[PDB]
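**Q** Submitted below is the structure of interest, expressed as C-alpha cells.
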Amino acid sequence: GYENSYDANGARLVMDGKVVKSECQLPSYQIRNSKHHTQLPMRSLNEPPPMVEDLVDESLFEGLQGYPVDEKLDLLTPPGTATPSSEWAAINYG
Amino acid sequence: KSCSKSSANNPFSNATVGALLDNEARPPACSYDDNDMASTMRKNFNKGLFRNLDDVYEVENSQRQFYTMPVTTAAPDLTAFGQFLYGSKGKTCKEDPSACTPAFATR
Amino acid sequence: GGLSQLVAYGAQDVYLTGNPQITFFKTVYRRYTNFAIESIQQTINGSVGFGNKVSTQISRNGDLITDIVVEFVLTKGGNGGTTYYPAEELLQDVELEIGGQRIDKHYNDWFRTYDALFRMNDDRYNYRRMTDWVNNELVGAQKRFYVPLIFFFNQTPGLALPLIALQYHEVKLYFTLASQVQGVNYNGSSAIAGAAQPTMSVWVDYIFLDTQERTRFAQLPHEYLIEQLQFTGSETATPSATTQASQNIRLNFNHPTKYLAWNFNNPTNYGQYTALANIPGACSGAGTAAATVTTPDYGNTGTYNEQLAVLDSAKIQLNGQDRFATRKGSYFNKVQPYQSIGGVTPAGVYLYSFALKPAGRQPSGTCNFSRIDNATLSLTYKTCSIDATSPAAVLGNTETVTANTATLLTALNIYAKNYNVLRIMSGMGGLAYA
Amino acid sequence: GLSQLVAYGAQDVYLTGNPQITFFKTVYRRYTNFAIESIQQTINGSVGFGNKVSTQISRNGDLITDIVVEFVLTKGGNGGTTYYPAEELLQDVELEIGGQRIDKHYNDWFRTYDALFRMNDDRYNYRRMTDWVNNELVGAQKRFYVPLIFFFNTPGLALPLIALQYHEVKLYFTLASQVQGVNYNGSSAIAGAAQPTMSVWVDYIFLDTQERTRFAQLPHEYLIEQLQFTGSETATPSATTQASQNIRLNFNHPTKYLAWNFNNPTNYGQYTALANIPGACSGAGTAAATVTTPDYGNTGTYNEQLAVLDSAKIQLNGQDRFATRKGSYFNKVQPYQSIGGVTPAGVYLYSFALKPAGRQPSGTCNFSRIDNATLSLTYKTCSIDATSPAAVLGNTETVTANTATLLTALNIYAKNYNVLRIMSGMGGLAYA
Amino acid sequence: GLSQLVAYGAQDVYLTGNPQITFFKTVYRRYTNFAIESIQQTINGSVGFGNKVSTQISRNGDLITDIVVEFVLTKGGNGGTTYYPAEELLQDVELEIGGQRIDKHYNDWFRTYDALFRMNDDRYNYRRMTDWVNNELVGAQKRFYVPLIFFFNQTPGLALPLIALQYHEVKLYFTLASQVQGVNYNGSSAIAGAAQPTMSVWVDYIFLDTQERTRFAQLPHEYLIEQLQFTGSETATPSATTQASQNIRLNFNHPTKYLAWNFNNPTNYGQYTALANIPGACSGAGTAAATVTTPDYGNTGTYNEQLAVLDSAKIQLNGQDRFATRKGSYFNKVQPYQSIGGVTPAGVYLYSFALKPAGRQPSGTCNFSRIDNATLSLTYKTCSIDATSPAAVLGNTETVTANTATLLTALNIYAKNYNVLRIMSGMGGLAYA
Amino acid sequence: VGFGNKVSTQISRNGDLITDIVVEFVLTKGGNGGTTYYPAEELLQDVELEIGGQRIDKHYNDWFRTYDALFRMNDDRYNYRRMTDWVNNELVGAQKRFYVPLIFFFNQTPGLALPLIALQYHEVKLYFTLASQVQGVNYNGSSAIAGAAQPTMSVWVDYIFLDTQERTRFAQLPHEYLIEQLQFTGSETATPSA
Amino acid sequence: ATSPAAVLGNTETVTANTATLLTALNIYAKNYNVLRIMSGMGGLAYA
Amino acid sequence: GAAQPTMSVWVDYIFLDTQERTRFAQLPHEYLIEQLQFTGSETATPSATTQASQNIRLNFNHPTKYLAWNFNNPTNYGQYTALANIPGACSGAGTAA
Amino acid sequence: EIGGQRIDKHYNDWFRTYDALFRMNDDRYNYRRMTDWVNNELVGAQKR
C-alpha cells in the first residue's frame with residue numbers, strides 16, 4: 001500500500017531494497033538539469049521504415065557493400081573536452 | 001475518429017470480455033501511432049508494478065507478452081477485410097463499357 | 001606504388017570518381033529492430049507413417065514465422081546406391097492453408113524439380129546431405145533427415161507470416177506422406193520386409209519482436225507480395241522409337257508467373273527424369289554385364305547426359321501466338337538456367353523464365369496467365385532409337401534421338417511459379433488482388 | 001526467444017536503437033511492365049570452319065541483353081579428345097555500333113575469362129554448353145551454346161537498340177579453321193569431319209510506353225566495358241636459367257584489371273606444361289603417356305608445378321606499382337581476394353579493382369595517363385623431366401617441366417571502361 | 001509498347017507505396033578515387049617451428065584491409081600426409097592497436113571458420129593456397145598464402161584507418177606451431193632433416209585521394225567490427241558404454257552473432273571426427289593395412305556424420321532454454337543451410353542468433369553481457385562401434401558412434417560478436433572492454 | 001501419444017477459472033510385481049505450462065519424484081503411489097489407469113485458479129513429453145520389453161464455474177496472482193571413490 | 001555393497017562402492033513470481 | 001605433470017554509515033585518478049661492433065606523472081639485464097656448468 | 001572496466017617494473033614472499 005511514492009508512469013521503483021520515495025533518490029536527479037544526449041528507453045516513433053530491395057543495384061555491385069559517405073556521421077566527444085554532462089544517458093523510468 | 005481509451009481496468013483496450021455492460025458495440029482501440037495512447041497504455045499497464053531500477057529498458061517485466069490484438073471491437077470487421085482484399089476499382093468491364101482495356105480482366 | 005596510380009587521373013575518371021557519392025572503406029550499417037529467433041517443435045496430428053496424412057497448426061509462440069523444417073527418421077532397406085533423396089520422396093506433398101483458404105501446395109516432385117533448378121554448389125550438396133544418405137551407408141542404417149519448406153515465408157524474413165496479426169485465422173501445414181519410398185520400404189515395385197515406419201517431427205522458427213514492432217504488427221494492416229506454385233500433372237505423348245511424337249498441352253495457369261518449369265519422368269522411380277542406359281551411373285549396374293536398363297542406379301538417378309532426355313524441342317504459345325521461337329530441349333535444360341539462375345540443371349528438367357531473375361524474390365517481369373485465354377506448351381520429343389544397353393549407341397548418337405528406354409518417361413509435370421498478394425486485416429489473412 | 005529479447009544492453013543501442021530498417025517487412029524498388037523474347041538473327045556469309053560470318057541485330061525489341069551463339073559440332077574422335085570445342089570454334093567476336101568498333105572477344109579470352117570469373121556449378125554448366133562432359137563417343141552430335149561476354153550481356157543492363165534508330169549494331173564472328181576433336185586431332189585433320197551449323201540468338205526486352213519513349217528520345221551515357229588485347233612472344237623458359245622479360249603494355253583507359261596466360265598455340269587452352277602424371281598429358285600416368293600431347297579433355301589443371309611464371313611485377317610510368325610477387329600470388333591469391341573462384345594453373349590476374357567481377361567500378365588504373373606501363377616477368381627453370389612423376393611432383397618452387405618451354409605464346413589482356421554515348425538515334429564511344 | 005506486352009502475355013506489375021523506379025533505369029555511383037598496393041612487412045623474431053614472431057604494419061598507405069601471410073613449407077612425407085599445413089603452422093595471430101588487444105585468431109578457428117563460412121570453389125582455392133592438393137611428393141616445396149580473417153581482412157568496409165591512427169600502431173603477433181603434420185612431424189614422430197619455414201607478411205594498403213584522406217585523418221570514426229571470443233575446454237569424453245553429457249558455462253560477452261564449436265583430437269589438426277576403416281576415414285582406410293588410431297591426413301575432414309560425437313545440444317540463457325534441444329545434425333547441417341548456404345563437415349557445429357551471421361551488416365544478436373548465466377548443454381553419442389569393421393559403422397544407428405570417437409577429447413567453443421572500434425585524434429580502441 | 005513422443009493440449013474456456021489438472025495414463029506391466037517404480041510418474045517425463053506463448057513453469061518426472069519425497073506424506077503419499085504405480089503385487093500383463101496430478105501452483109490451491117475468463121486472448125497450454133522408456137512397462141533396465149503396449153492418455157482439467165457477481169469481477173477486473181515457479185538444471189556429480 | 005557386514009555397519013563418512021554410479025545431480029529451486037493479467041492477456045512480472 | 005593454478009579474487013569492501021552513504025548516493029562525484037599507458041617496441045638491438053640508437057615515438061596522452069621503461073628478453077620474465085658468468089647473473093654462474 | 005569502459009590495465013611486466021621502482025625494503029621483500037618462493041622450496045612444493 002504505497003500510495004505516496006515515486007510513480008514512474010504506473011510503476012513504483014525499487015533501487016536499494018526500499019521503494020523510491022521521491023525523485024531525489026533516483027540517480028537521474030543528479031543530471032536532471034542537463035539536456036541529455038539519448039534517453040535510454042528509446043521508444044520508437046511510428047513504426048520503422050521498410051527494407052527497400054532491388055535486383056539492379058545488388059546485381060550490379062556483385063556484393064562490395066557500397067557504403068554512402070555523405071551521411072550525417074554523428075560525432076563523439078573530443079578527447080580534450082572531458083565528456084559533456086550531456087553524454088550521460090538519461091534513464092527516465094517515469 | 002472514435003478512438004477508444006485504454007482504462008485502468010483494461011490497460012490495452014483489447015476488449016476481451018471488457019465490453020460487457022459498457023460499450024458492447026465498442027469502437028476500435030487506437031492506432032498506437034496517431035493519438036498517442038502508448039504512454040497512457042504503459043501508465044495503465046503498471047498501476048502497482050515494482051521495477052528494480054536495473055531494468056532501464058522496460059523489458060524484464062514481460063512487456064513483450066502484452067500487446068493489442070488486431071480486433072478490438074465486438075465484430076471481426078469482415079467488411080474492412082473484404083474491402084481491403086477486393087471491392088476496389090468499381091464499375092468492371094462486364095457492366096459499364098469504358099473501363100475495359102483490350103486485355104482480359106484484372107488479376 | 002599505389003600513389004603512382006592515384007596521380008594517373010584524367011577526364012575518363014570523372015565518370016567514375018568525380019564528385020564522389022559513395023566510398024567503400026567505412027561502411028554504414030543500418031540500425032534495425034530488436035528480435036530473436038527460436039526453434040519450436042509443433043504438435044502434429046495424425047499417425048505418421050507411410051501413406052499417412054498428417055497436419056499441424058502453428059502455435060502462437062512468436063509474432064512472425066519463417067523457416068519450417070520437417071524432420072524424418074528413416075532407415076535403409078538396402079545398401080548404399082538404393083535410395084535417392086528418400087526424405088523428399090516421403091514428403092509427397094505439403095499444403096499451406098490460412099483461415100481455411102489454401103495459399104499454396106508443394107509436391108515431392110516439386111521439391112526435386114526446384115532443387116534441380118535453383119539450388120547449387122555446396123548448397124545443393126548440403127541439401128542432399130539432409131535428405132539422402134551420401135557417405136555409403138549400409139542396410140539397417142538409421143538417419144535423421146531435414147526437409148525445409150520453400151513457401152514464400154520460408155524463404156526470407158521479409159515475407160515472414162505475421163501470425164500475430166491473424167487473430168481469427170490459423171495457419172496450418174498439411175503433410176502427405178508417400179505410401180512408398182525407394183530404398184527405405186520398397187525396392188522398385190517390391191516391398192522390403194522388416195522396413196521401419198518413419199519418425200516425424202515439424203519445427204517452426206518463430207520471430208520474437210520487440211514491443212514497439214510487435215504492437216505495430218498486431219494493429220496495422222499487412223500486405224506482402226508472395227509466391228505460389230501452380231501444378232498440372234499430365235501424360236507425355238508417348239515417345240517412340242519410330243518417330244518424333246509431339247504434344248500441345250493447355251496450361252490451366254493463372255496469375256503473374258515468374259517462370260514455368262517442367263520435367264518428364266518415369267513415375268515408377270522418384271527423380272528419374274531421363275532414360276536409363278548401360279553407361280556408368282545411368283542404370284542399375286550400368287557399365288557392366290549385370291547392368292539393366294529397366295531399373296536406375298537409385299543413388300545416381302540424376303544425370304547431366306542430355307542424350308537420355310526425352311524432349312527434342314519446345315515453345316510456349318499464347319492465344320495462338322508464339323511466345324518465343326522454338327528452341328531445343330538443351331536450350332531449356334542448359335541456357336535458361338545459365339542465364340536465369342546460375343546453377344546446373346540435370347537432364348530431363350527444363351526451365352523457361354518470363355523474368356530476368358526468377359531465382360530472386362523481387363519481381364523482374366512475369367507472364368500473367370490470368371490474361372491468356374489459351375496458354376499452351378508445345379513439345380516435340382526425340383526419336384527413341386538408341387539401344388540403351390549398348391554404349392556405342394548411347395554415347396555416339398545424334399541430337400534428335402534418345403534411348404529406347406525413354407518411352408518409359410510417360411509422366412509430365414508442369415509447374416508454374418507465380419505471385420499473388422497476401423493481406424492481413426482485423427485478425428484475418430488470405431489472398432488478395434491488386 | 002523471449003530470453004534473448006530481455007538480454008538488451010548499451011552495446012545494442014548502436015545496432016537497434018532508433019531503428020532504420022526492419023528485416024521482417026520488405027518492399028520492392030523496381031518494377032517492370034516489361035517482356036523478354038528469344039529471337040533468331042540472320043547470319044550473313046557462309047558458316048564453316050575458318051569462315052567469317054556476321055549478323056545485324058534486328059530491331060525487334062527495344063533493349064537487348066544476352067546473346068547466345070548456337071553451334072552444332074560433331075565428335076571427330078572419342079571422349080577426352082575435345083576441350084571446350086565450341087569455345088575454341090568461336091575464334092572471336094567483334095561488336096560494332098554505327099561502324100565503330102566497341103569491343104572484341106577471342107576464344108582464348110573466353111577461356112581466360114572463364115578461368116578467372118566463372119565458378120562452381122555456373123562454370124560446370126558453362127562447360128556443359130561448350131563441351132562434351134559425359135564421355136560421349138566419336139560421331140556424337142551436340143548443340144552448343146556460347147553466351148557472349150560483352151558489357152550488356154547482369155539483368156540490370158541492356159543495350160538500347162531503340163535509342164540507335166540510325167545506327168546498326170552488328171556482330172562479326174570468326175570461326176576457327178580447326179577445332180580439336182572435331183575436325184583436327186593435334187596437327188592431323190579428321191577425314192569426314194562435318195562442317196558446323198551456326199545460329200545467333202538475341203534476347204530482347206520489350207518496354208512499356210513510358211520506358212520505351214524515354215530510351216528512344218533521351219540522350220544517354222552508358223558506362224561500358226571493353227577488352228584490350230596484345231599478343232606477344234614469351235621469353236622462352238629454359239632448363240639452363242630463369243628467363244626474364246619486360247613486356248611493354250600498350251594499354252589505355254581506366255582498367256579494372258590485367259590478366260594473362262602463357263600457352264602452347266597448338267593446343268587450345270593449354271596454359272601449363274605437359275607431364276606424365278594423371279590428367280597432365282595424353283595417357284598420363286601410364287606406359288602410353290606422351291608429354292608432347294595433352295589429355296585434351298583434361299587440358300586445364302590446378303597444379304601450379306606445371307605453370308611457368310616464377311614471379312612478376314607491373315611497372316607504371318617507370319615506378320613499381322607493387323612489390324614483386326610469385327606466380328602463385330597472381331594465380332591463387334589475387335582471384336581469392338577479387339573474385340572468389342578458383343583459377344587454373346598458368347592463368348594470372350592482377351586487379352586494380354576491389355571487385356572486378358561486378359559492373360560497378362571499384363577502383364581502376366587509368367592507362368590513358370600512363371606513358372610507360374611494363375609487365376616484368378620471371379620464368380621458372382625448365383629442368384624437371386616431365387616423363388618422371390617423382391621429378392614432376394617432388395620438386396621446388398622455382399622450377400617446372402622441361403615441356404614447359406612449349407608454352408611460347410603470351411596473351412595479355414586488360415579490361416577497361418569507356419563511355420558509350422547515345423543520342424538522336426546515333427552513338428559511339430567517347431574515348432578510343 | 002502495350003500491344004506487344006499483351007502479345008507476350010501481359011507482363012504488367014505490382015507497385016508499392018514507396019518511390020518506384022523502372023527496372024532498366026540504372027546508374028553507377030561515383031566513388032572516391034583510390035588505389036591498392038601489396039607491400040611486404042618486416043617480421044621481427046626468428047621464424048621457425050614453435051617460434052613467435054611479430055610485425056608492425058608500416059604506414060605506407062592510408063587504410064589497410066587484406067593481410068596475407070606467406071609461408072614456404074616443404075613436404076616431410078608423401079601426398080596424403082598433410083592437412084592444410086600452412087593453416088596448421090600459423091597457430092595463432094593477435095591483433096593489437098595502441099597496445100590494446102582487439103582480436104585473436106587460432107589455427108583451429110581458421111579451420112572452423114573455413115568449415116562453416118567458405119564454400120564451393122572459394123573453399124577449394126583456399127585449400128590450394130594452404131595445402132598440397134595436387135598429389136605433391138616428399139621433398140616438394142611450396143609457397144602458401146594464409147589470408148587473415150580479422151574484421152578488416154574480410155571487408156574493405158572496415159579498413160583500418162591507419163591515417164586516423166597517427167599515434168597508434170597496429171601490430172600482428174604470430175605464433176608458429178611447434179609441429180606441422182606432414183612437414184616436420186608425422187603424427188607424434190619428428191621428421192629428421194625437416195626444413196624450417198620461410199615467412200613473409202603482406203599487407204594490402206589503400207591509398208586514398210585528398211578528400212577522403214582529409215576526412216579520415218581529422219574526423220572521429222566509429223566502426224562496427226567483429227571479434228572472436230574463445231574458450232577452450234575438456235570434452236566430456238564420450239563413453240564406449242553410455243551417453244556422456246556436459247554443461248559448459250559460456251564465458252562470453254557482447255552482442256554475439258553466433259556460436260560455433262567443434263570436438264577434436266588435439267593430436268591431429270582438423271580432426272573433428274572419429275577414425276574408421278572406411279575410405280578416407282583413417283590411415284589406409286578400406287584395406288588390410290588400415291589403422292583406426294591415425295587419420296588419413298589428406299582426408300582428415302569429412303561429411304560422414306557417423307563419425308561425429310554430438311547427439312544433441314541446447315543453449316540455456318539465465319536459466320531458460322533458448323531453443324528446444326536439437327540434434328547434433330541440426331547444428332551441423334541445418335543451421336548452416338538456413339543461415340550460410342555452404343556445407344559444414346561432421347564434427348563442426350553452428351548456432352546463429354542472427355538472420356545473416358555470414359554478413360557484415362548486423363542482423364540480430366545475443367548480448368551475453370546481459371546474460372548472467374549462459375551455458376551450452378551437450379549430449380554425446382555412445383562410442384560402441386568397432387571402427388575397424390565398415391558394417392559396424394555404416395549400417396548403424398543415430399545415437400551411436402565409433403569407439404575411436406573417444407579420441408576427440410578437446411572442445412573448442414567460439415563466439416563471434418560485435419564491438420565498436422572508436423578512433424579519435426590519432427588514437428583508438430574498443431568501446432567495450 | 002506413445003512412448004518418447006511429445007504431445008500437447010490447450011485448455012478450452014469451458015468454465016471461468018481452472019485449478020486441478022490430472023493426467024491419466026493407461027499402461028500394462030511388462031514384467032511382474034517389483035519391476036516398476038512409480039511408472040506413470042516416470043512416464044510423465046515433463047510438462048511445460050505456457051500462457052500466451054510465455055513459459056510460466058515446467059516440471060520433470062524427477063521433480064515429481066523429488067517433490068513427493070519432500071512434501072507428500074503419510075496416506076497422501078501412499079494414495080499418490082496408488083495412482084502412479086502397482087502396489088498390490090500385480091502381475092505381468094496387468095492393466096492400470098494411472099492418475100498423475102500436476103503440481104503447478106494453480107493445481108494445488110483454488111486460491112490461484114487461473115482466470116481463463118480474463119485471459120481471453122491468451123492460450124493456456126500444457127506441453128507433455130512422454131518418456132521413451134518406463135521401467136517395468138516397456139523396458140527392464142536397458143532391455144526393451146517385447147510386446148509392451150503404448151500408453152493411452154487423457155488430460156483432465158477441473159473447472160470452476162462462477163456465479164454472476166464473481167464471474168463478472170473476474171471478467172472485468174485486472175488481476176495479480178502470487179505464483180510459484182520451478183527452476184531446474186542438471187549437473188555432473190563430482191563422483192567420489194574408494 | 002555385496003557384504004551387509006560392510007554396508008549395515010562401518011562409519012558415517014563412508015558409503016557403498018556402488019554410490020559412484022550416482023553420477024547425476026539435480027538441483028531445483030522453487031520460487032515466487034507474479035502473474036499479471038490485463039486486457040485478456042497475461043504473463044510474468046519478472047523475466 | 002605441471003598443475004593448473006587455482007585462482008580466487010578478493011575484494012575489500014568499505015561499509016559506510018547512513019550519512020556518508022546518503023552523500024554518495026545524492027552528490028555527483030569526481031576523482032583524480034591514475035591510468036597506465038603502455039606499448040611494446042622492438043629494441044634497436046646493439047652489437048659487438050656498435051652502439052645502436054633509436055628514436056621511439058611516445059604515443060601517450062594526458063598529464064603524465066612519469067615515464068618508465070625497461071629492456072627485456074621476452075623468453076625470461078623479469079630479465080632486464082644481460083646474462084653473465086658472474087654469481088647470480090646466469091644459470092650456474094660462477095662455475096663449470 | 002566500468003560500465004563497459006576500459007578505465008585502466010596492468011601487465012605482469014608492469015607489476016615487475018612498478019615494483020622495481022616504487023616498492024622497497026621490507027615492503028618489497030614481503031611482496032616477493034607473496035608472489036614467489038623465497039625459502040628455498042623444492043620441486044612439488046605448493047603455495048598460495
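Each chain of the C-alpha cells is named A, B, ... in the order shown, its residues numbered from 1; ligands are numbered from 1 in display order.
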Distance cut-off 12 Å, counting only C-alpha atoms - which residues of chain A neighbour chain D? Return them as a count of residues only.
**A** 33
**Q** So that I can check the secondary structure, give me every residue of stretch 148-208 of chain D assigned strand (DSSP E) by backbone DSSP, as a list in words.
**A**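 Selection result, strand (DSSP E) within stretch 148-208 of chain D: residues 169, 170, 171, 172, 173, 174, 175, 184, 185, 188, 189, 197, 198, 199, 200, 201, 202, 203, 204, 205 and 206 of chain D.
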**Q** Applying 8 Å and only C-alpha atoms, which residues near residue F:93 remain after dropping the ones on its own chain fewer than 2 positions away? List them as a list in words.
**A**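 Within the cut-off, the hits are residues 28, 29, 30, 31, 91 and 95 of chain F.
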**Q** Write out the residues from the selection above, keeping N, CA, C and O atoms, as a PDB file, in the first residue's frame.
**A**
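Saved to selection-v1.pdb:
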```
ATOM      1  N   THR F  28       0.364 -51.206 -19.301  1.00  0.00           N
ATOM      2  CA  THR F  28       0.331 -52.613 -18.941  1.00  0.00           C
ATOM      3  C   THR F  28       1.697 -53.051 -18.465  1.00  0.00           C
ATOM      4  O   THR F  28       2.685 -52.786 -19.149  1.00  0.00           O
ATOM      5  N   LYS F  29       1.742 -53.811 -17.376  1.00  0.00           N
ATOM      6  CA  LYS F  29       3.016 -54.293 -16.839  1.00  0.00           C
ATOM      7  C   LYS F  29       3.789 -55.147 -17.824  1.00  0.00           C
ATOM      8  O   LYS F  29       3.270 -56.140 -18.342  1.00  0.00           O
ATOM      9  N   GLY F  30       5.076 -54.843 -17.979  1.00  0.00           N
ATOM     10  CA  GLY F  30       5.959 -55.576 -18.876  1.00  0.00           C
ATOM     11  C   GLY F  30       6.718 -56.684 -18.150  1.00  0.00           C
ATOM     12  O   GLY F  30       7.515 -57.415 -18.740  1.00  0.00           O
ATOM     13  N   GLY F  31       6.415 -56.840 -16.877  1.00  0.00           N
ATOM     14  CA  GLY F  31       7.051 -57.820 -16.010  1.00  0.00           C
ATOM     15  C   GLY F  31       6.232 -57.957 -14.744  1.00  0.00           C
ATOM     16  O   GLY F  31       5.133 -57.430 -14.666  1.00  0.00           O
ATOM     17  N   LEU F  91       0.596 -58.585 -11.512  1.00  0.00           N
ATOM     18  CA  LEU F  91       1.496 -59.374 -12.361  1.00  0.00           C
ATOM     19  C   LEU F  91       1.590 -58.927 -13.802  1.00  0.00           C
ATOM     20  O   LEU F  91       0.816 -58.090 -14.267  1.00  0.00           O
ATOM     21  N   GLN F  95      -3.297 -54.460 -16.379  1.00  0.00           N
ATOM     22  CA  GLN F  95      -3.557 -53.144 -16.944  1.00  0.00           C
ATOM     23  C   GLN F  95      -4.031 -52.183 -15.891  1.00  0.00           C
ATOM     24  O   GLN F  95      -4.885 -52.511 -15.069  1.00  0.00           O
TER      25      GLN F  95
END
```
**Q** Residue G:33: which residues within 8 Å, counting only C-alpha atoms, same-chain residues fewer than 4 positions away excluded, as a list in words?
**A**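 After dropping sequence-adjacent residues, the list is residues 178, 179, 180 and 181 of chain F; 44, 45 and 46 of chain G.
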**Q** Restricted to N, CA, C and O atoms, what would the selected residues look like written as an mmCIF file, in the first residue's frame?
**A**
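That gives us result.cif:
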```
data_model
loop_
_atom_site.group_PDB
_atom_site.id
_atom_site.type_symbol
_atom_site.label_atom_id
_atom_site.label_comp_id
_atom_site.auth_asym_id
_atom_site.auth_seq_id
_atom_site.Cartn_x
_atom_site.Cartn_y
_atom_site.Cartn_z
ATOM 1 N N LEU F 178 0.086 -14.298 -6.930
ATOM 2 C CA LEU F 178 1.397 -14.654 -6.447
ATOM 3 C C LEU F 178 1.542 -16.109 -6.809
ATOM 4 O O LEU F 178 0.734 -16.933 -6.391
ATOM 5 N N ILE F 179 2.509 -16.436 -7.645
ATOM 6 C CA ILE F 179 2.582 -17.805 -8.115
ATOM 7 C C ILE F 179 3.924 -18.422 -7.874
ATOM 8 O O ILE F 179 4.910 -17.732 -7.625
ATOM 9 N N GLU F 180 3.979 -19.735 -8.004
ATOM 10 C CA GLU F 180 5.226 -20.449 -7.857
ATOM 11 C C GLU F 180 5.791 -20.846 -9.210
ATOM 12 O O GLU F 180 5.038 -21.105 -10.147
ATOM 13 N N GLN F 181 7.108 -20.942 -9.286
ATOM 14 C CA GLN F 181 7.816 -21.466 -10.453
ATOM 15 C C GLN F 181 8.890 -22.445 -10.024
ATOM 16 O O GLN F 181 9.482 -22.291 -8.950
ATOM 17 N N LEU G 44 4.401 -13.051 -16.849
ATOM 18 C CA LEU G 44 5.034 -12.821 -15.566
ATOM 19 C C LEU G 44 5.688 -11.483 -15.431
ATOM 20 O O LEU G 44 6.376 -11.007 -16.323
ATOM 21 N N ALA G 45 5.524 -10.911 -14.250
ATOM 22 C CA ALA G 45 6.099 -9.644 -13.867
ATOM 23 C C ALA G 45 7.603 -9.670 -13.913
ATOM 24 O O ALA G 45 8.206 -8.634 -14.142
ATOM 25 N N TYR G 46 8.238 -10.808 -13.623
ATOM 26 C CA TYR G 46 9.680 -10.801 -13.680
ATOM 27 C C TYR G 46 10.226 -11.885 -14.599
ATOM 28 O O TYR G 46 10.065 -13.089 -14.368
#
```
**Q** I'd like the contact shell of stretch 49-59 of chain E - 6 Å cut-off, only C-alpha atoms, skipping same-chain residues fewer than 2 positions apart - returned as a PyMOL selection string.
**A** chain E and resi 43-45+61+170-178
